[PDB]
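Survey of secondary and tertiary structure
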Amino acid sequence: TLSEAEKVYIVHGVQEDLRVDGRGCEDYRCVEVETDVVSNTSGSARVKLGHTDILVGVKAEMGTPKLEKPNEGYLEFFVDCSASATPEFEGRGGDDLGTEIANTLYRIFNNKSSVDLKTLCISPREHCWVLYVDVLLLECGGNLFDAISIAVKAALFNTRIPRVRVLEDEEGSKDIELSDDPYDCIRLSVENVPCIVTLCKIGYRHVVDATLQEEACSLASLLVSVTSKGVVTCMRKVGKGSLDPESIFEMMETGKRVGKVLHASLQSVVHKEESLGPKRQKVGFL
Amino acid sequence: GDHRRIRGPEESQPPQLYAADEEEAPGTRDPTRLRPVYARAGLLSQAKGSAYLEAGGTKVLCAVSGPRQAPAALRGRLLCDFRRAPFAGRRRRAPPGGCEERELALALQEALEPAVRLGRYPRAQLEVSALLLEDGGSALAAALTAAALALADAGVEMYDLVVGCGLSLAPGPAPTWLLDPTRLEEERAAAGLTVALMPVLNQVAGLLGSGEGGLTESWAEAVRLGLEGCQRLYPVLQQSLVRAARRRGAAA
Amino acid sequence: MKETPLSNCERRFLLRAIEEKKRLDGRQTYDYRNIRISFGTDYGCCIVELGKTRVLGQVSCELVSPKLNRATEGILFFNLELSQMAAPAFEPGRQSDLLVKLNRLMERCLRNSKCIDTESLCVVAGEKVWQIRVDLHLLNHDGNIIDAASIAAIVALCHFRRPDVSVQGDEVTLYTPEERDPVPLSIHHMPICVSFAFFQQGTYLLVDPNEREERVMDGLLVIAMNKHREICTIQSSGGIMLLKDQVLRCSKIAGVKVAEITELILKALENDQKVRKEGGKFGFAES
Amino acid sequence: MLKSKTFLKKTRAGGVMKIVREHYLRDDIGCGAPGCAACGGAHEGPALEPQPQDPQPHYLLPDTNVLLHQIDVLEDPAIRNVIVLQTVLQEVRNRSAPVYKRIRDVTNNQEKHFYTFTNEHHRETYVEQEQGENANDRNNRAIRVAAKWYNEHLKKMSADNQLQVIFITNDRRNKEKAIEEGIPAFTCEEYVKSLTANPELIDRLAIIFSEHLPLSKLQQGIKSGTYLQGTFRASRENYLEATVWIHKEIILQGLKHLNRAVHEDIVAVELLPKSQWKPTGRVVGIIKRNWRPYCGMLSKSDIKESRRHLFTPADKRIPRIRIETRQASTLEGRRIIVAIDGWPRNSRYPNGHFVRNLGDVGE
Amino acid sequence: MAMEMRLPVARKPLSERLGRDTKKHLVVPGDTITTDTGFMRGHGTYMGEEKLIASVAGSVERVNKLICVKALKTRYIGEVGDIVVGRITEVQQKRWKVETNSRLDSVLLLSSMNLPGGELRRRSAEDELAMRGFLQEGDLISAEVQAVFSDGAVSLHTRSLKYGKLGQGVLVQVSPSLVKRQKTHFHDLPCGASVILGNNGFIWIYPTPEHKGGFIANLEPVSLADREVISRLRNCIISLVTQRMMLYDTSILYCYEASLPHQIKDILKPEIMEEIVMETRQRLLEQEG
Amino acid sequence: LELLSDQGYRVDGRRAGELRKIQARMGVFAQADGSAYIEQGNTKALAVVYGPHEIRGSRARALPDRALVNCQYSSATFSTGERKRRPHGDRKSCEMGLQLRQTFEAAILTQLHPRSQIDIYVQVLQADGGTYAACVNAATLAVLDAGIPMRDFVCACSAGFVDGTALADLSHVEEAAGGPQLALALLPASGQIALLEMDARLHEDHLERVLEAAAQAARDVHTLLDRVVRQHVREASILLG
Ligand SMILES: [Zn+2]
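- If you check the header, you'll see the entry was determined by cryo-EM and the resolution is listed as 3.45 Å.

As structure tokens, this is what we get:
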């Protein structure tokens, strides 16, 4: 929280196109992306966006597919909002935000065109892959959703599911055949996995990467989910305040542009890193 | 095993999944159409305010347990409990839930906090309780409207009413935005959307959406269409509240 | 509700009587209280009361689908409940720390020590196996639980008998206690804990502390043992600084204590079997 | 140093996951020879000898196949000295328990110098894995690097007028590849011939079951035609001659035709053409499994870590069983009883489980 | 617009860029300070078996006969004249409860807060009810300590009208072990602004007025030429602290003067941060000696 | 597979008496009052200490004599290969909380921060054996970074027993083998144990061995940690002036 006069300062700043960090209204801040942090996972990633640090693990397990969709697998999301973020979270107080974030992440992926799940099926109705994604919060410094999304995408890109031949046999005896080639592990496309974008409205001007101090100064925030093409999967609204019908359109256009930029930058970065190789040494938490 | 409810079976799957047929598709209709609405406020007695709304197979209650002791810190609160009856929808779900009930509750709260004015209700929490008896299409919108009716009935102050409206996308080759659809048009759909606004001052209060796909212009057209629908719906609710107030005047 | 507070008078008096090596009731430091083991009518019930602390233990069975990782051996389910009759403070869902620590300790002690044969109790490897649960209930709370809870679980799991079963291929046939004679369990060794209490940062140590001694103690050392001198578990709680020789001596004590308790338990079971072989649905043993 | 090696695994719960283990590359490992200072002088236990003489000095190191198929050529005492690796020993352990046990029992002998060298945990001979190269290739290349490493080390140690190492194979492919890698290499035959010692050295050297059709097809075929059910039975005579009694007496032999029956079951015999008959029958399915707790004893694998143990029932008309118990310390010596649970399409033995112990033999 | 992503680079520890080899006496818990005849103990140590044993990580300090420790990260312990900046948290019937970087909840008694102008007669119930409408929950106060209680809390007051409630400005939260204990924490810099440097880790930055006690809120706009300066100072302070150097007039003025070429936003990127900090440090060191 | 080769080596390639290289750091998260990170092999613990601060929702628990230590444990789902759910609220994480609490209430020297919460938090990102000791040590580094007084490095580690010998700082493999594992946490300066957990069957005369072995392993851990801490303090002071 904070006072009223500070809010006046911040809102007139935005209306003037400056901010305490001396940046405009369409400018994120240096986001330190890293991938392949943890080892026991089939995929992992980490983000440090200003003062918000997120970790993401991805485990590809084998499970029964879903009766209504046996031809392909599924993603599940869990979100540990560790109290290490702010002590006001505990074994019961973080369930709220965790549930919110998980429901969002699901809503981003009831799209059927983001992660081609058909590629995750081994034997219909009998076995399939399952992507257990596990987000882990370590700080809360705002623009939380965008960072969580970037981590989900970096982890997917960094996910390596192994090839398995599930051979049927009579008298109910099943066998799984691995491929002893950890270098021959499959890779799921992310050309559609979307990034979140949080446009918080302050005064009569909208803003991206709404730092906390500015979130407290706002009244509404439109979350958009964009893909590198330009479509808009999800469009949610969060805030204890109102929101005009016209500003929605500006928010959406800005989200479109920012998503383009974000996906470009991320793709370039992660191709770079995948090129380097083990020479990078994987500096993490050290 | 839950030790606060009756000992039932571990798991239980419905029979439909064991059916063998291509279910019937709706077909064609007037895209800018609205279903017939029956909205009445004042149904329930033991509650300070209650409201009931029926639109097609949709059937929703809402009650308002009024101020209950519990500036910007001495500002009121309202906690909303959305809850779909286990006998709504093709499938059954245990009463608790924990996946979508809470999401829609957050939605209702984010769409009601603006309209309601809580400076005049300090140190108090309004318990809003929605109940979905039957799902037949746009549900969250019906719930917003019903909660608005219940609040306006209990006599809590406001700035304007809340009107919702749900839209879907036709997955045909020429995809058109389908207004106020049915559970069939909604399960056979590509994208869904929900607007909610305050029509006097023409301000959105809470919206939501999702998509197998879409694009900026399409979403914008959907938005404006839902706004027009909400406008065309407002008078029903107006008349309902007037009617309930007349009945109260009659009782005394 | 709440427990009545402890006066400084009682606290100081206790500390002094410890300094002078004097317990309250009149026993030494290396002594338990008279523990009685009484049995019920149904195979699997035991009421063990050490002094004033009474604890009940029931053992029940079921057949269920096993867990995939272990499709050969069965299952075992501990649970200890702190009945409000044990003491006022034991409201439901309030004294959760004590529940957690006791249950984890007991699970560890019995399960991970491999006290019983989870394999012998297999019926259909992959489809149906046994499931033995044991419910301990705390009735009166005067001092030492872990010892009582353990003695109870052990007397039960050694005084329990399964409904016999016949099998051919996949055809499994259960039968009633009246049609055949239930079959007992398979134990390898009976462990029972032993509780030491530290006073004045580690200087003094007592056995089987009462409730007051638990209120004016800083530390608790639990040690599980058998008649064969096999550490099964040891735990230090209370945030206390002990040393090596202390644990060594405490272990050399627990040895004798567990030997004696074990002799008693065996005598109790012997007497109960003898009684039922003469007409009578009870069995009683006294320290 | 430190190396993180990953590898996938199939669970017990029909699933796959990954492991990431550490591998420490110590540089304080010993060659086994005293002369090599900079490796450690005071190094007791099993170790080599300064002057060997049966290329007179002739240290040597074999490959896996040699340990697996000519251990008697080595267990012999006419030899004196030899090097042993880690990969060889690990493979031997994975394939054969008796061979591994013998090699350990010999390494425990201070005289027959089977000094072991941990190559995996050494900073120089260690070699990573490479895409497109199976584990067998991994171990082979590791052994080659070890040989090459050994030749250089013992080369710089002294004037080389004292010691020289040898590589030994069983097949000539590996030998020729070694030569093309620039080192000596022989086969066991050449060597055991070259010594012209007593002839004792050469003297000491010179199922997948069918499928099973479900009960539906069996019951459909019996009434309709060919197949016919009957009680299977075996004999104390032979493990293969078996008799089926129809509800007439068929005979059938061979572990295939004996497609997983037991002393008393309900088999669905098919009849073979008259080109083989007194008749000869075959089995393709079971109508009713009829098992019971078989009494017997637990023959263990000397590996004290292994869980899978073999079980010998008393009635000669039953096959040994492959059970999973972990005890294997309290049971050997005490008649137990086991219940059978299956016979899949991969094992010459079934899968059972312990149900109770009775008491030591003889009582 | 402009977005940028970048991988994480590994730190460069040991701060070898300086090369000092300090002449201090560092310690850690368990370490045994000099054991001699009657040495007095201070904050950051304790005694065991006639042996002086450290308790906290830092450098030891031996005043004439007193042995104390000066840790490198702590929470603001209460002195008796130190100024302070505080964010309010609660409004109790008798007083206000304030949040400093302290181990408890600082306290401003209703008797302490100055009154509008000098209309000083006494405190009555009307003041007890204005206790809220004037000093809202969440506001900021620039006070100085009055006293420290035995329970650890800090009662603070407002000696004059230069203190009291604060305008709109901006704020930063740093560690309290990074502000030199000196005089005149209240500075008014030539850049076009003014700054308050708490003996705690709360720094306040406000534009300097022209007239020359918070009883009125001048919620007017601020010229761009006076918000850009404030933002640059904010980022410069964050830079300084991220490099673990002290903080006072000259430090902030010289980091400012250093960050004119580099624009108002690009001086948190660790390279620019580090080079600015190095320039400032070197020039301070060389000019002062 | 094997645990102790006849030569004396382990699987990982280390003898019984040694352990794996801990690699640590102090100062991860700045929005807190104290933070740390440690990797004691493949393990990766992460600690945080929100300093001695005010109690809210007083609920009549603000001890007036001493301070109130509240330590929370958490083992991430993706820590083990087998995914799990409900990392908090379980009956094991709460036991770990109790353990850490009775340790640090012993060490943290609370008599100087009465009516104040010391909130300790621990998250385990990766687990490969020795999951309690890594957390003890990370929380120790955190406390120290937060300038919270404390008697001594409360250093922890684990020992085990295999083939008539004692192993130090077990891993997951020999931890799954079922053999006796004894975890403990002591204060080196005085030689006093702050905690002693242990879980498996073994004879009594074989106790002193694993006990002194775990103690010596903890001494080594003390050396490594204190070297880290001294580097940290030196760098910070140099940067000050
Ligand atoms: Zn050598």
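Some details on the overall build of chain C
- Tallying secondary structure elements over chain C gives five helices and 15 strands in all.
- With the C-alpha coordinates of chain C rotated into their principal frame, the extents come out at 70 × 45 × 40 Å.
- Split into buried and exposed, the 287 residues of chain C put 49% on the buried side.
- By sequence separation, contacts in chain C at least 24 residues apart represent 70% of the contacts at least 6 residues apart.
- Taken as a whole, chain C presents about 13,600 Å² of accessible surface, with 51% of it coming from carbon and sulfur.

Examining the coordination of the zinc ion
All names here are of chain D.
- Taken together, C31 (SG), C36 (SG), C39 (SG) and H153 (NE2) make up the protein donors of the zinc ion, found 1.9 to 2.4 Å from the metal.
- One can describe the donor arrangement at the zinc ion as tetrahedral, given that its four donor atoms subtend angles of 101 to 114 degrees at the metal. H153 shares its class with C36; the two are buried.

Looking at the packing of aromatic side chains
- With the rule as written, the count across this model stands at 12 aromatic pairs over all chains.
- On the numbers, 6.3 Å between centres and 65 degrees between planes, the contact of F285 of chain A with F29 of chain F is edge-to-face. On the criterion of chain membership, the pair formed by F285 of chain A in the segment after α5 (247-276) and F29 of chain F in the loop between β1 (22-25) and β2 (35-40) is interchain, its members lying in two chains. As far as the burial class goes, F285 of chain A and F29 of chain F line up, both buried.
- Consider the rings of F117 of chain D and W149 of chain D, whose centres lie 5.0 Å apart with planes at 25 degrees: the pair is stacked. Taken together, the positions of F117 of chain D in the loop between β4 (113-116) and α5 (135-157) and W149 of chain D in helix α5 put the pair 32 residues apart, joining distant regions of the chain. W149 of chain D matches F117 of chain D in its accessibility class, with the two residues each being buried.
- Grouped by ring-pair contacts, the aromatic residues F77, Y106 and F109 of chain A constitute a single cluster.
- Sitting above the plane of the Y248 of chain E ring, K180 of chain E keeps its charged end 5.4 Å from the centroid.
- The aromatic ring of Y256 of chain E is capped on one face by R232 of chain E, whose charged end is 5.6 Å from the ring centroid.

Rules and cut-offs
- Residue positions are given from 1 per chain in written sequence order; they need not agree with the entry numbering, and residues without coordinates are hidden.
- Here chains are named by letter from A upward and ligands by number from 1 upward, in the order in which they appear as written.
- For these chains, which sit within a larger assembly, all listed values pertain solely to the part presented.
- As a convention, hydrogens and water are excluded, and side-chain values are obtained from all of the structure's heavy atoms.
- Helix and strand definitions follow DSSP, with helices as H or I runs of at least four residues and strands as E runs of at least two, each counted in order from the N terminus.
- Only protein chains enter the accessibility calculation, which uses a 1.4 Å probe; a residue whose area is less than 20% of its type maximum is buried, one above 50% is exposed, and one in between is partly exposed.
- Throughout, a residue-residue contact means that at least one pair of heavy atoms, one from each residue, lies within 4.5 Å.
- Here the accessible surface of atoms and residues is derived via Shrake-Rupley with a 1.4 Å probe, and residues count as covered only by protein chains that are part of the display.
- Keep in mind that water is not among the atoms, so a site may look incomplete; donors are the N, O and S atoms within 2.8 Å of the metal, or 3.2 Å for Na, K and Ca.
- Only four donors with every angle between 85 and 135 degrees are called tetrahedral; only four or six donors with opposite donors over 155 degrees apart and all others between 65 and 115 are called square planar or octahedral, in that order; all others are irregular.
- Classification of ring pairs rests on two measures: the distance between centres of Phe, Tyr or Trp rings, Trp counted by its six-membered ring, which must be within 6.5 Å, and the angle between planes, read as stacked under 30 degrees, edge-to-face over 60 and tilted in between.
- When the NZ atom of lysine or the CZ atom of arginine is within 6 Å of a ring's centre and also within 35 degrees of its normal, the charge is said to sit over that ring.

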